[PDB]
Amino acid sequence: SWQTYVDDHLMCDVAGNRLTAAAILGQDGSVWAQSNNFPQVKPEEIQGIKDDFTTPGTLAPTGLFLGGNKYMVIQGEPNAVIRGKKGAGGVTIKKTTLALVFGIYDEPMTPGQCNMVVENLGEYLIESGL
């Protein structure tokens, strides 16, 4: 089940902290699994994310919007990881073979903790061909 990846491997404890929300979306924008408080992402938001993976610099001028919430784009990895910041909270998006893995964090979870849980699950999925 895609939902087990979210429940057990994104919404798990990391050094005492936990993501606020998480999801796995197809690269078509459809939700394959999500936590309860994960926002409804708009099609144009998904389009900007997909474009930024293959064309870095797409999202930085406008910011990264997730369910209408604006995140400022910060350091990522081309065609692999998008990272955004909103005060002491933020978001990490990891591109896999078929899907996009999202984690949204709030204080006191650190950006490094969010990156670890999201990117490690994404790398597991890539090894599965997913």
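A residue's number is simply how far along the shown sequence it sits, counting from 1.
> On mean C-alpha B-factor from the PDB entry, just flag whether 103-111 or 10-18 is the higher one.
The entry gives the higher C-alpha B-factor average to 10-18.
> Compare the C-alpha B factor of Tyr71 with those of the other modelled residues in its chain, then answer lowest, middle or highest third.
Middle third by C-alpha B-factor.
> Comparing against every modelled residue in the chain, figure out the third that the C-alpha B-factor of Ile82 lands in (lowest, middle or highest).
For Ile82, whose C-alpha B-factor we compare with every modelled residue in the chain, the answer is the lowest third.
> Ordered by C-alpha B-factor within the chain, which third holds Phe38? Give me lowest, middle or highest, please.
CA B-factor rank for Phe38: middle third.
> So where's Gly89 on the chain's Cα temperature factor ranking, which third?
Middle third, going by the recorded CA B-factors of the chain.
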